[PDB]
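This report concerns only the one structure given below.
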There are 2 protein chains.
Amino acid sequence: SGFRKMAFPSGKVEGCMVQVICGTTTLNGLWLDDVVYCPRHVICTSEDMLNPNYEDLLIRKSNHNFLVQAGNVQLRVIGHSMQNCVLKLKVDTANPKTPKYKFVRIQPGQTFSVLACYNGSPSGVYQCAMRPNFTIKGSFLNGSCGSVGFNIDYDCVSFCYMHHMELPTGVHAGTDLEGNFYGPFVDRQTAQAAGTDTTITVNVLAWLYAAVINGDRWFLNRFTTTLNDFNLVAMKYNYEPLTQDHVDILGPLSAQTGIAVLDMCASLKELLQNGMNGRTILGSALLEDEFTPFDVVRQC
Amino acid sequence: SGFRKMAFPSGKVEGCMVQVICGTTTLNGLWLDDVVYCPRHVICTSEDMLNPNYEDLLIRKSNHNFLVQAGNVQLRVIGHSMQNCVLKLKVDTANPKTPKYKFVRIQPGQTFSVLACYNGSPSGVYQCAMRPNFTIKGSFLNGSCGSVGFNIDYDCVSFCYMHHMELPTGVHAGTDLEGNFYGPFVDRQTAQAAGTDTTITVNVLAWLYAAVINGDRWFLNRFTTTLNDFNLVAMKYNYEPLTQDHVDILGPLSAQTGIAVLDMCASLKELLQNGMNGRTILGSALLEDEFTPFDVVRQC
Ligand SMILES: *[C@H](O)[C@H](C[C@@H]1CCNC1=O)NC(=O)[C@H](CC(C)C)NC(=O)OCc1ccccc1
Ligand SMILES: *[C@H](O)[C@H](C[C@@H]1CCNC1=O)NC(=O)[C@H](CC(C)C)NC(=O)OCc1ccccc1
């Protein structure tokens, strides 16, 4: 037993991380087969990064302006192109460590693991959720751009996130691996800011089921509620509405614990209206919303 | 910016994990050079595991009773021996993926990353602290024994923990890699239970410094306190006493933020006496004690 925020083992991704330098900008790239993917802002200078025209900036570059280092081996760049907000650097060597992979775009409310990297060297691994407002609450410093987020199913790495920037509130923004931003954000200097966020209700419910599986039962009750009455409470507390599909997704956890989904909703209603009264659930004094139902089943 | 519970990248350890079967018991082993290390209870049966005599149990075994699988390759066991609570299985092939490594024993209050594994296959990675009572609050199911904890410095893996058991409160116990238990626990069936735990004060202080570095300042004050007066409060709230060595270790974080250690102690005294009044620090409504000063410096 026990329940922890757990990342996927990172080895398969560590073998794909490289360093990309253009001018005085250093960041990370992802080396899959004979292509290195990286944020296109690697080509910008301080002056450009106000309102850059990336198509102009890139036509002024040559293959030799991109220095790619895979550990202690220089990779020779033989072609370059832009795809949305990522650059694709063709190199003369296919990565022999390329795993089976896919490029997937995730939905708000879904989780993934982040391999934070600096100078092409992995530094740490942690779990993130894509917030309803399309930001992530990560841990990223200068040099971390090009770090990736991913899930692993069987032997296949599904890459979902590449890191590009930090917003004024300290949260993080980036793109899918096709270079399309999550959320209404752009890789240039504006006053852009995260929009209002909400709590991921289906995930809070999943985490309450994880708590019951692990022996925390104090918040349970015999009462029940209707889906409509629960969603009235959710709206008041800035929680996302619960759909019948969410109820269906929680079915397996409800069956395992014998607690009907709408009974757990009544427990959550009481927690929202009364707080915890100095108690904790799975080591937290707040309701946690960054575990999906799948994350709970995977671990419990 | 941002601050997350972050594990070390696990690749170097993933390449060392194997499956060990003896009889009907399956668990994990650690394959370094031509030795596989695993919990000695792999040789027990249901009846034995009450009060086993491991020396007797092991003399009745042969090399061929140990089946070792490295991915989809069977390793041939050519010798076996017991070292404290671990078995050392000599195999006919040195692991070509053996990293530079050390076997270190950690202290209570120190952190490490855990690579949870089942059937010799890594499942997830997370950070743990060794509690003052020599347990860890992990996430381990049947089959997870032999999973290891480790830190990485430069290119060298310092293995510190091998998993053996779960105590009645749901916390976890295990040994160093020389097979010596952390804490007063034994690999047999008794009514053994975790002793009383305390909060790791130096780590709470480090995490408060991480909060300031990341823009949370509401708990700061102009007041200060004496070390003796603070330790009177620590005792009342079941916090470990703060030593001058802890103050020295916090020096760099104090210098970076300009907040003297004893000023931060005054803030902590107020948080202990008054709580948070509905506010949060780094996304928590509780005081977090599983980040060391080094963990904070590493990330911030
Ligand atoms: C790429 O390494 C970098 C990652 C940032 C740096 C601080 N925290 C991160 O996540 N990205 C940028 O510096 C980015 C470049 C634009 C052309 C998209 N701009 C950015 O994040 O600006 C905000 C900022 C910069 C430095 C510190 C704090 C916020
Ligand atoms: C080895 O895989 C296993 C790990 C346990 C199983 C449940 N959670 C864990 O961390 N260790 C044992 O089963 C261990 C064997 C003794 C001979 C040391 N005994 C143990 O942990 O017993 C308590 C327990 C067993 C099963 C479920 C819950 C608690």
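Read the numbers this way: they start at 1 and go in the same order the structure lists the ligands and their atoms. Keep in mind that the numbers below use all heavy atoms, side chains included, and drop hydrogens, waters and symmetry copies. In what follows, every chain begins at residue 1, and chains take the letters A, B, ... in the order their sequences are listed.
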> Is it true that the side chains of B:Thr135 and B:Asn133 contain a donor and an acceptor less than 3.5 Å apart?
Replying inline: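 Distance-only check passes for B:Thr135 and B:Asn133.
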Report yes if [X] has an N/O atom closer than 3.5 Å to an N/O atom of ligand 1; otherwise report no.
X        : result
A:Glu166 : yes
A:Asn142 : no
A:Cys145 : yes

Those atoms of ligand 1 less than 4.0 Å from some heavy atom in [X]:
X        : result
A:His163 : 4 (C), 9 (C), 10 (O)
A:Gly143 : 2 (O)
A:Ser144 : 2 (O), 4 (C)

> Which ligand 2 atoms, with their elements, are less than 4.0 angstrom from a heavy-atom of B:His172?
Replying inline: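 The list of qualifying atoms is 10 (O).
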>> Can you give me the closest heavy-atom contact between B:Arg298 and A:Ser123, atom names plus distance?
In response: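 Heavy atoms of B:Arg298 and A:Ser123 come nearest at NH1-O, 3.7 Å.
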> Going through the distances and angles, do B:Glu290 and B:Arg131 end up as a salt bridge (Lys or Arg N to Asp or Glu O under 4.0 Å)?
Replying inline: CA-CA 9 Å; B:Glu290 298 214 349; B:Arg131 300 310 305 172; 2.9 Å; yes
> Does B:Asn84 have any side chain to side chain contact (heavy atoms under 4.5 Å, CB included) partners at least two apart in sequence or in another chain, and if so, which?
Replying inline: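 Result, side chain to side chain contact (heavy atoms under 4.5 Å, CB included) vs B:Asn84: B:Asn180.
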>> Going by salt bridge (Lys or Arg N to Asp or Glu O under 4.0 Å), name the residues that satisfy it together with A:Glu14, two or more places apart in sequence or in a different chain.
In response: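 Listed in chain order: nothing, the list is empty.
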> What orientation do A:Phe159 and A:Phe103 show, parallel under 30°, tilted 30 to 60°, or perpendicular over 60°?
Replying inline: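 Ring orientation, 0 to 90° scale: perpendicular.
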> Where does A:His164 meet ligand 1, judged by heavy-atom distances below 4.0 Å: at the side chain, the backbone, both, or neither?
Replying inline: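 For A:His164, only backbone atoms sit under 4.0 Å from ligand 1.
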